[PDB]
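> Input: one structure, supplied below.
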Amino acid sequence: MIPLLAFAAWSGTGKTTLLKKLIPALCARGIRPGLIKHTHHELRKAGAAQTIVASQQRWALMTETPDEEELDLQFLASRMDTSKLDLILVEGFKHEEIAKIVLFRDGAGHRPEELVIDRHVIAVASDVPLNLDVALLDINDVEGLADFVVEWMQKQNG
Amino acid sequence: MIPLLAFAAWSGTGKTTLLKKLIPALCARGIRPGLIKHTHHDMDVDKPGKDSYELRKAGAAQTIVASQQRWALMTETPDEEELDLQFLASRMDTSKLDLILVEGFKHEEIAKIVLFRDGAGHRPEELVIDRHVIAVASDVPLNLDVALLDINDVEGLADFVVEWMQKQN
């Protein structure tokens, strides 16, 4: 039920670095964030399809998917314990049919006209002015980005 | 919903080694097992803890890393350890499982098989067999209240688990 928000950028634009700065800023504001990331590349090998491993510091659930990739984002969010969370950030999926902020950096090897802005995009965080039908954000102002995220949250109540 | 079954033994008796061979044997009969385990190691070091380390270090309290062949959820518990067995089992996707095996916890209050190996230096008289025990798997004959299984007969053990499972449904 809690809000899901994707972040999208071309490689080399500095998305991971930005996320790493954005999370503590959200935390500082009382937000408890989750994150879902898509990547490429003995008793599990013995054949337990699902394994929980619990320690003092933390616990893990590991789910083997040998025949078909798990790509249903709403299903994955539902695995998290949302009683402990206010927001789930998302990155790296193809058919992201949720709200999305796009990152742009002018010297990062792409012209502004190459940007693809679909109907789910709510904002573009950029280091130069752009001609757009959505909110335009300063990508080098993380505090201000945290502001925009919180306000978007306080509007998603339902 | 689905049956939970613990395996219990003193350290060094042969619990993890036994489970290493039983799980394949169950899978061969078409049983799809889950596993819940306790560990004393630092989960940040492997695979897949390492994959989510930077994001959790920055403040992400729960992470999922999803790829072609598998996905992993991590839940940070910096205040108190998670030891609620029924909660843990409920976070599994039980629509795709038949049986959940449980191992390594100090307190495990469910159906249980207890293990004994003579050469481990303990006397059989020191075995604690409470009301939850359905069998003792042993390498020496014991005359017991509950079933007595050969700890070295893995297929026999897999048969006994199926038969117990039939009584649950």
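First to last, the sequence lines map onto chains A and B. According to the UniProt record's numbering, the stretch in the first sequence is residues 6 to 46, 59 to 175, in order. According to the UniProt record's numbering, the stretch in the second sequence is residues 6 to 174, in order. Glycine included, C-beta positions come from ideal geometry on N, C-alpha and C.
Could you run through the region 102-131 of chain A and flag, in chain order, every residue whose CB is less than 7 Å away from some CB of chain B?
Residues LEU102.
> Using the rule of at least 16 other Cβ atoms within 10 Å of the residue's Cβ for burial, across every protein chain shown, is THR44 of chain B buried or exposed?
exposed
> How about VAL166 of chain B: is its C-beta nearer than 8 Å to some C-beta of chain A?
no
> Measuring CB to CB, does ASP98 of chain A end up less than 8 Å from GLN67 of chain B?
yes
> Output the distance between the C-alpha atoms of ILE36 of chain A and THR21 of chain B, rounded to the nearest integer angstrom.
Here the C-alpha atom of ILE36 of chain A lies approximately 40 Å from the C-alpha atom of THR21 of chain B.
> Since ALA30 of chain B and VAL159 of chain B should fall inside the 8 Å C-beta cutoff, what is the C-beta to C-beta distance between them, to a whole number of angstroms?
6 Å
> Measure the beta-carbon distance from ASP144 of chain A to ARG122 of chain A and round it to whole angstroms, keeping in mind my assumption that it falls under 8 Å.
By a beta-carbon distance limit of 8 Å, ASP144 of chain A contacts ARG122 of chain A. Their separation comes to about 5 Å.
> Closest to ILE28 of chain A by C-alpha separation, out of B:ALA65, B:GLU130 and B:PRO129, would be which residue?
B:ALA65
> Going by the CB atoms, is the gap between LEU40 of chain A and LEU106 of chain A shorter than 8 Å?
yes
> From B:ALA33, B:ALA63 and B:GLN173, pick the residue whose C-alpha is nearest to that of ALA63 of chain A; which is it?
B:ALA33
> Check the Cβ-Cβ distances between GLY64 of chain A and every residue of chain B, and say whether any is below 8 Å.
yes
> Checking contacts by CB at 8 Å: is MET97 of chain A closer than that to chain B?
It does: the Cβ of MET97 of chain A has a partner Cβ on chain B nearer than 8 Å.
> Compare the C-beta of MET6 of chain A with all C-beta atoms of chain B and state if any pair is closer than 8 Å.
Answer no: the Cβ-Cβ gap between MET6 of chain A and chain B never drops below 8 Å.
> When DSSP builds the beta bridges, which residues end up paired with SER143 of chain B?
B:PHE121 and B:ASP155
> If I follow the unbroken beta strand (DSSP E) through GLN171 of chain A, where does it start and stop?
Looking at the DSSP string, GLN171 of chain A is not in any beta strand (DSSP E), and its letter there is neither H nor E.
> Going by Cα to Cα distance, which pick from A:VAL70, A:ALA152, A:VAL119 and A:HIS112 is closest to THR18 of chain A?
A:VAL119
> Excluding the 5 residues flanking residue 175 of chain B on each side, which residues of the same chain have their C-beta closer than 6 Å to its C-beta?
In this structure chain B extends from 6 to 174, so residue 175 of chain B is not present and cannot be described.
> Comparing the C-beta of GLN67 of chain A with each C-beta of chain B, is any distance below 8 Å?
yes
> To the nearest angstrom, how far is the alpha carbon of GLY126 of chain B from that of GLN74 of chain B?
43 Å
> Buried or exposed, going by whether 16 or more other CB atoms sit within 10 Å of the CB of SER57 of chain B?
The residue is buried, with at least 16 neighbouring Cβ atoms inside 10 Å.
> Since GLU81 of chain B sits in a beta bridge, which residues does DSSP pair it with?
A:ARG75
> Could you compute how far the alpha carbon of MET170 of chain A sits from the alpha carbon of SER72 of chain B?
28 Å
> When you check each C-beta in the region 69-86 of chain A against every C-beta of chain B, which residues fall closer than 8 Å?
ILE69, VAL70, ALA71, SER72, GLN73, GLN74, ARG75, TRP76, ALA77, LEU78, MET79, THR80, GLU81, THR82, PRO83 and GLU86
> Evaluate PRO8 of chain A with the Cβ neighbour count: other Cβ atoms within 10 Å of its Cβ, from every protein chain shown; 16 or more gives buried, anything less gives exposed.
buried
> Nearest to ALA116 of chain B by CA position, among B:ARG96, B:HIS137, B:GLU131 and B:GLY124, is which residue?
B:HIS137
> Buried or exposed for residue 212 of chain B, going by 16 or more other Cβ atoms inside 10 Å?
This structure cannot settle anything about residue 212 of chain B, because the visible part of chain B is limited to 6 through 174.
> Rounded C-beta distance between residue 5 of chain B and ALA77 of chain A? I'm assuming under 8 Å.
For chain B, the structure presents residues 6 to 174; residue 5 of chain B sits outside this window and is missing.
> Would you verify that the beta carbon of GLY39 of chain A is, or is not, closer than 8 Å to some beta carbon of chain B?
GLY39 of chain A counts as touching chain B.
> Rounded to whole angstroms, what is the Cα-Cα separation between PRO129 of chain B and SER16 of chain B?
The C-alpha of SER16 of chain B is placed about 15 Å away from the C-alpha of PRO129 of chain B.
> Less than 6 Å between C-beta atoms, sequence neighbours within five positions excluded: which residues of the same chain meet that for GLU113 of chain A?
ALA11
> Going straight from the alpha carbon of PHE165 of chain A to that of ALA142 of chain A, what length do you get?
Across the structure, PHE165 of chain A and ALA142 of chain A are spaced so that their CA atoms are roughly 11 Å apart.
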